[PDB]
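S.K.: okay, structure incoming, though there's no sequence with it:
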């Protein structure tokens, strides 16, 4: 199973994400108003995965279109990044249960946690700047990467792509704020501390929403939801808590 996330324009980027969401998840009958709904990841056998092809970074600088991510379906966890030009799967430590056929799997020493990636990158997610220019630079770091230990530039590149591909699928707020950077008058998306709080509390969040029967509001951790228009505008896909 393969998907394309096209960063050409805002429309192609949003349609790419919503294409993945409907294939791998199903909306809740309690929180769903039109096309905008909060979905639950479809149950899949553990170890299942889908591919993500990073297209559309820039058309004028000749087609940086050979980067691929491997994502575990059960938890939307990026297991690694694939260099299709070299047919090399640079895979993290904690995803040994993810084997991709037809490629070469370089098993590394670094795991996938934000604790390790932030340290090696020397870059805080709170205040991290993602733009179309910096996304192109993030692509180059991952393509020019070789070895089995994550370098500073690669982690400064993985942190950016995971935020705009994996966490963007989970949280609609992250997708909405970043997609502005793909416009003609390209701004710079700046990851606020509130955006970081969302990603750190995904497990707590996915455990709550199935309860929601249309009450007044919801407060999990520091995440205060005033109404359902906040839920639909902040969270997009939640875990399948069985």
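M.R.: Structure's in. What do you need? Numbers count the residues shown, from 1 in each chain.
S.K.: buried set for the longest helix seen in the chain?
M.R.: Using DSSP state H to assign secondary structure, the helix with the most residues in the chain is helix 152-170. Going by neighbour count (16 or more other C-beta atoms under 10 Å), the buried part of helix 152-170 is 153-170. Just so you know, the C-beta spots here come from the backbone N, C-alpha and C atoms, and that holds for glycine as well.
S.K.: following the strand ranked longest in the chain, which helix or strand comes up?
M.R.: For the chain, the strand reaching the highest residue count under DSSP state E is reported as strand 25-33. Once the chain leaves strand 25-33, the next helix or strand it forms, by DSSP states H and E, is strand 36-41.
S.K.: so what touches that next one?
M.R.: In this structure, residues lying in contact with strand 36-41 by C-beta atoms under 8 Å, 6 or more residues apart in numbering are 21-22, 24-28, 31-32, 73-76, 172, 209-210, 231-233, 235-240.
S.K.: quick one on the thing from earlier: okay, the angle between the longest helix of the chain and strand 36-41?
M.R.: 110 degrees (axes from the mean of the first three to the mean of the last three C-alpha atoms, to 10 degrees).
S.K.: after helix 152-170 comes which helix or strand?
M.R.: Following the chain from helix 152-170 toward its C-terminal end, the next helix or strand by DSSP H and E is helix 172-179.
S.K.: how big is the angle separating the longest strand of the chain from helix 152-170?
M.R.: Between strand 25-33 and helix 152-170, the angle formed by their directions is 60 degrees, by the same axes, to 10 degrees.
S.K.: list the helices and strands strand 25-33 packs on?
M.R.: Based on contacts counted as 3 or more C-beta pairs under 8 Å, 6 or more residues apart in numbering; DSSP states H and E, the elements that strand 25-33 packs against are strand 36-41, helix 228-234.
S.K.: switch to 6 Å and redo it
M.R.: Under the contact criterion of 3 or more C-beta pairs under 6 Å, 6 or more residues apart in numbering; DSSP states H and E, the helices and strands touching strand 25-33 comprise strand 36-41.
S.K.: in terms of secondary structure, what does whichever helix or strand comes after the strand it packs on contact?
M.R.: Using DSSP H and E, the helix or strand that follows strand 36-41 in sequence is strand 49-55. Counting by 3+ C-beta pairs under 6 Å, 6+ apart, the packing neighbours recorded for strand 49-55 are strand 2-6, strand 67-72.
S.K.: redo the ones you listed as JSON lines? Include distance to residue 49.
M.R.: As requested, the helices and strands packed on strand 49-55 are exported to JSON lines (distance: least, C-beta to C-beta, whole Å):
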{"stretch": "strand 2-6", "distance to residue 49": "10"}
{"stretch": "strand 67-72", "distance to residue 49": "6"}
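S.K.: which of these sits most buried?
M.R.: Per-residue neighbour counts averaged over each of these give the maximum for strand 67-72, namely a mean of 22 (mean count of other C-beta atoms under 10 Å).
S.K.: contacts for it?
M.R.: Contacts to strand 67-72, defined as C-beta atoms under 6 Å, 6 or more residues apart in numbering, come from residues 49-54, 78-82, 84, 139, 142.
S.K.: which strands and helices sit next to the helix or strand following that strand?
M.R.: For strand 67-72, the succeeding helix or strand toward the C-terminus, using DSSP H and E, is strand 77-83. With contacts taken as 3+ C-beta pairs under 6 Å, 6+ apart, strand 77-83 sits against strand 67-72, strand 88-91.
S.K.: try it again at 10 Å.
M.R.: Where contact means 3 or more C-beta pairs under 10 Å, 6 or more residues apart in numbering; DSSP states H and E, strand 77-83 is packed against strand 49-55, strand 67-72, strand 88-91, strand 104-107, helix 132-143, helix 152-170.
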